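Here the structure comes first, spelled out in structure tokens, and everything after it is commentary.
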Amino acid sequence: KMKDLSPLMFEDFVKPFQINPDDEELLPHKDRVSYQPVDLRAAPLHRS
Amino acid sequence: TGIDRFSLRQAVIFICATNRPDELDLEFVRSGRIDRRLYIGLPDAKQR
Amino acid sequence: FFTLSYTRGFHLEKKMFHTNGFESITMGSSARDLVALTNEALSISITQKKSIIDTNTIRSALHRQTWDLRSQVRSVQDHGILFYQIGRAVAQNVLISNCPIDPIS
Amino acid sequence: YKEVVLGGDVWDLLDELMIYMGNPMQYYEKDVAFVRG
Amino acid sequence: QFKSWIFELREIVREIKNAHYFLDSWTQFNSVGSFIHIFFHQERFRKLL
Amino acid sequence: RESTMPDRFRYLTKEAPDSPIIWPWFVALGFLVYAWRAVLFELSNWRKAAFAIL
């Protein structure tokens with residue numbers, strides 16, 4: 001029924017990131033890891 | 001047992017199977033008594 | 001392992017105990033785990049009609065004990081866990097020089 | 001007789017078991033053990 | 001089925017490189033062979049003295 | 001056939017042939033060169049008996 005309706009297609013979510021098996025090439029990085037350390041603490045209050 | 005360990009009469013291969021591999025004892029699956037383990041799984045679409 | 005292999009007429013080849021060859025790949029740090037390994041290696045060398053044990057025989061004997069045979073074989077469809085294993089193996093190789101490395105597949 | 005479910009590490013497990021059965025005494029003379037189980 | 005005959009033959013061969021029990025002539029053969037083996041080895045010769 | 005077996009070990013799953021024993025033929029050669037004239041005697045009798053039978 002939607003074959004001849006042309007819906008707004010969503011993008012593919014589960015397309016696998018894959019390496020070429022024998023294409024000799026230096027595949028890049030960004031240049032980092034994406035992890036951010038957990039450091040959330042307010043400054044000490046006044047009158048100390 | 002009353003028989004020489006290395007003989008033609010002691011050339012016996014012991015095949016065993018179950019449906020719960022983790023239920024067996026630790027001293028039965030030890031190497032020397034049970035050496036090779038074959039894992040047979042469910043078939044896929046073409047075999048179906 | 002050497003004194004169990006030598007007593008059956010099988011002379012250890014003068015490359016793994018003569019160098020750091022088979023020390024870095026050997027495991028089974030318990031008794032009754034070297035007898036089975038010795039028997040498997042001797043069986044593999046006998047099927048080749050040989051009397052010496054090379055590196056490949058020991059590797060093939062170690063692979064037949066800590067690996068499970070399996071039907072309906074499927075590989076990884078997302079390269080990206082391969083990098084995880086590669087990095088961990090490289091780090092475990094260079095940094096911890098006294099620990100084994102299981103094979104990557 | 002469904003032979004379709006027989007493939008991968010089974011045709012390599014059977015070859016070892018026939019190797020350890022066709023002449024089981026060239027291994028038993030020199031005091032080495034089989035795959036017992 | 002001919003392989004079973006060879007199996008029995010070389011299994012008997014394996015048994016006669018042992019001392020389970022068999023005919024007396026082979027036992028005398030093994031005894032004189034063991035005596036020759038003991039006598040020829042010098043490190044087995046000294047411990048006899 | 002897809003398998004989970006490495007390529008390096010592929011030659012280790014095949015039974016290599018062994019050279020057959022040869023010294024019975026050599027002691028037979030020694031024993032036949034040793035008794036040549038009596039062997040020729042017996043072969044002469046065999047040929048004469050065969051030709052008498054035919």
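Quick note on naming: the chains in the structure tokens go A, B, ... in the order shown, residues restart at 1 in each chain, and ligands are numbered from 1 in order of appearance.
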
Give the residues of chain B that lie within 10 Å of chain E; count only C-alpha atoms, and format the answer as a list in words. residues 4, 6, 7, 8 and 9 of chain B

For the residues in that selection, give me C-alpha atoms as a PDB file, in the first residue's frame.
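Output saved as again.pdb:
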ATOM      1  CA  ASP B   4      46.972 -53.198  29.659  1.00  0.00           C
ATOM      2  CA  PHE B   6      48.173 -49.580  25.618  1.00  0.00           C
ATOM      3  CA  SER B   7      46.564 -52.391  23.622  1.00  0.00           C
ATOM      4  CA  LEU B   8      44.136 -53.088  20.765  1.00  0.00           C
ATOM      5  CA  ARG B   9      41.418 -53.867  23.322  1.00  0.00           C
TER       6      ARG B   9
END

Counting only C-alpha atoms, which residues from chain D have an atom at most 10 Å from any atom of chain C, and could you show them as a PyMOL selection string? chain D and resi 5-13+19-20+26-28+30-35

Resulting file, chosen residues, C-alpha atoms, as a PDB file, in the first residue's frame:
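Writing the result to again26.pdb gives the following:
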ATOM      1  CA  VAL D   5      23.156 -30.099   8.637  1.00  0.00           C
ATOM      2  CA  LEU D   6      26.732 -31.409   8.550  1.00  0.00           C
ATOM      3  CA  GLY D   7      29.358 -28.779   7.816  1.00  0.00           C
ATOM      4  CA  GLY D   8      32.288 -26.966   9.386  1.00  0.00           C
ATOM      5  CA  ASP D   9      34.546 -28.490  12.076  1.00  0.00           C
ATOM      6  CA  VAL D  10      32.648 -31.785  11.656  1.00  0.00           C
ATOM      7  CA  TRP D  11      34.314 -32.969   8.439  1.00  0.00           C
ATOM      8  CA  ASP D  12      37.560 -31.953  10.180  1.00  0.00           C
ATOM      9  CA  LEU D  13      36.603 -33.805  13.380  1.00  0.00           C
ATOM     10  CA  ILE D  19      43.276 -41.026  11.453  1.00  0.00           C
ATOM     11  CA  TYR D  20      43.171 -42.223  15.071  1.00  0.00           C
ATOM     12  CA  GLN D  26      51.456 -46.957  15.609  1.00  0.00           C
ATOM     13  CA  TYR D  27      50.309 -44.618  18.406  1.00  0.00           C
ATOM     14  CA  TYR D  28      49.869 -47.372  21.007  1.00  0.00           C
ATOM     15  CA  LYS D  30      55.123 -45.609  21.281  1.00  0.00           C
ATOM     16  CA  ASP D  31      53.006 -44.947  24.416  1.00  0.00           C
ATOM     17  CA  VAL D  32      50.872 -41.969  23.362  1.00  0.00           C
ATOM     18  CA  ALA D  33      47.169 -41.462  24.017  1.00  0.00           C
ATOM     19  CA  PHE D  34      44.196 -40.767  21.763  1.00  0.00           C
ATOM     20  CA  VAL D  35      41.360 -38.296  22.104  1.00  0.00           C
TER      21      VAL D  35
END

Hey, what does DSSP flag as helix (DSSP H, G or I) within chain D? Can you give it to me as a ChimeraX atom specification? /D:13-22

Keeping only N, CA, C and O atoms, write the selected residues as a CSV table (one decimal), in the first residue's frame.
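So again.csv came out as:
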chain,number,residue,atom,x,y,z
D,13,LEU,N,36.6,-32.9,12.2
D,13,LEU,CA,36.6,-33.8,13.4
D,13,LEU,C,36.6,-35.3,13.0
D,13,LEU,O,37.2,-36.1,13.7
D,14,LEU,N,35.9,-35.6,11.9
D,14,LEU,CA,35.8,-37.0,11.5
D,14,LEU,C,37.1,-37.5,10.9
D,14,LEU,O,37.5,-38.6,11.0
D,15,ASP,N,37.9,-36.6,10.2
D,15,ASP,CA,39.2,-37.0,9.6
D,15,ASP,C,40.2,-37.3,10.7
D,15,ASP,O,40.9,-38.3,10.6
D,16,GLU,N,40.2,-36.6,11.8
D,16,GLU,CA,41.0,-36.9,12.9
D,16,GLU,C,40.7,-38.3,13.5
D,16,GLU,O,41.5,-39.0,13.9
D,17,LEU,N,39.3,-38.5,13.6
D,17,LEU,CA,38.9,-39.8,14.2
D,17,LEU,C,39.2,-41.0,13.4
D,17,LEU,O,39.4,-42.1,13.9
D,18,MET,N,39.1,-40.9,12.1
D,18,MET,CA,39.6,-41.9,11.2
D,18,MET,C,41.1,-42.1,11.2
D,18,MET,O,41.6,-43.2,11.0
D,19,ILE,N,41.8,-40.9,11.3
D,19,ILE,CA,43.3,-41.0,11.5
D,19,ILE,C,43.7,-41.8,12.7
D,19,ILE,O,44.6,-42.6,12.7
D,20,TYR,N,43.0,-41.5,13.8
D,20,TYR,CA,43.2,-42.2,15.1
D,20,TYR,C,42.5,-43.6,15.1
D,20,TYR,O,42.4,-44.2,16.2
D,21,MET,N,42.0,-44.1,14.0
D,21,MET,CA,41.3,-45.4,14.0
D,21,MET,C,41.9,-46.4,12.9
D,21,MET,O,41.9,-47.6,13.1
D,22,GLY,N,42.4,-45.8,11.8
D,22,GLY,CA,42.8,-46.7,10.7
D,22,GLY,C,44.0,-47.5,11.1
D,22,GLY,O,44.1,-48.7,10.7

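You will find atom CA of residue C:12 at 7.9 Å from atom CA of residue C:54.
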
Report the distance between atom CA of residue C:101 and atom CA of residue C:22 in Å, rounded to one decimal place.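 Calculated distance between atom CA of residue C:101 and atom CA of residue C:22 is 12.4 Å.
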
Computed gap from atom CA of residue C:105 to atom CA of residue C:93 is 16.5 Å
